[PDB]
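Quick heads-up: it's one chain on its own, the form deposited in one PDB entry, in structure tokens.
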């Protein structure tokens, strides 16, 4: 009764749209057994390398677990817990005959619109594992971006430790995936794909991937991206202003030597004007210690008021540098040394950026870019599945009488997604690739 790619089945749930007794064969008709075997090689490679190196990093954190429950380590721990669980789920298709168990129905058709009764749990389990670890992973990524952003604002005793926020971090990171997963199962939109060897949301009805895949991931790129940009906004404000205020102090010092060793009134004059231009450039800046303060505060007032006195004292020294009162101008500029000390020296204070915090910023922008690729690949599949579906409907009709599949999913896009998803797990596992861990695995080698 049925012709390729349809298959004989007496289950009304397995039957194809309009057609009776026939349902779509389990092995993805849009891809050849060679394309499948190749894809399964890609998944096993990236999955295996992610799985054990995330396990290594997860083992490193559990070794030093007293010192690992200390921010931002505890974040990278959970980020790893998620990519490790996601790798397990993806690596389930490799167990002897497990892929057919996950992606196929009893009657040999594709496992679609799961959960269903009379069909097994193997599909929904691998979906929950992969999807729940994914959404928990991208929400732990948001936590990471927040922590990294929080490192800059807490540059003093404005200190509200992340140690207390831990209760809200574990609220969001486990309630959000739970609610989204429960919703997917309630509407039974877990579907199997043999090239993926995994069960996932809205494979078949691509419209369920908007709300459950593109909308959560889209949101984490918004909230995550906000905290990554606001942080580098502070990193570059601090690093540039300290460098600006330093270079203005240095030219001020340079000219004070040019004045001290001046053999004429013309040199003192141009050296004081250069000092005045450097004093205004320094006034038109925020000292790193006054970054978390308002651009009109009584503290920020003292900074810019000191440069008013310095410009004022420069202007008094310029009233003597125009004529032959060089000795009276150099002695005036010598009292400029004491003003520069009482109103600039204080603002050359380092405000040294912690190595752990700067490193967290490296990981945040790497986890971002990877999730950005995931979102792009998933988005691509969303906007083109209607086409792949109608090009498939035609293949079954053509073969219900030279038959081809005109449009089809891109396998480089699927491999680019899996790279940018597994590569993240490998990237976030390189957080423990430090000297301290080499010694952590040496202090446990004996003990």
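Here the rigid core means the biggest group of C-alpha atoms that line up within 1.5 Å when the two forms are laid on top of each other. Numbering follows the first chain given and starts at 1.
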According to the entry, are there none, 1 to 3, 4 to 9, or 10 or more residues of the deposited sequence without coordinates between residue 401 and residue 402? 10 or more
Averaged over C-alpha atoms, is the B-factor higher for 139 to 147 or for 245 to 253 in this PDB entry? 245 to 253
Which has the higher mean CA temperature factor in the PDB entry, 278 to 286 or 337 to 345? 278 to 286
Among 24, 432, 438, 427, where is the Cα B factor highest in this entry? 438
Just the C-alpha B-factor column, please: which of 310, 171, 217, 129 has the biggest number? 310
Please say which third, lowest, middle or highest, residue 61 falls into when its CA temperature factor is compared across its chain. middle
Chain-relative C-alpha B factor for residue 7 (record values, thirds): the lowest
Ranking the modelled residues of this chain by C-alpha B-factor as given in the entry, is residue 231 in the lowest, middle or highest third? middle
CA B-factor placement of residue 360, once the chain's modelled residues are sorted into thirds: middle
Where the record places residue 99 (Cα B-factor, split into thirds across the chain): middle
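Keep in mind the form deposited in another entry is missing from the figure; the text below concerns it.
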Hey, does residue 314 budge by 2 Å or more at the Cα between this form and the one not shown once the core is superposed? yes
Residue 185 C-alpha relocation of at least 2 Å between this form and the one not shown, rigid core basis: no
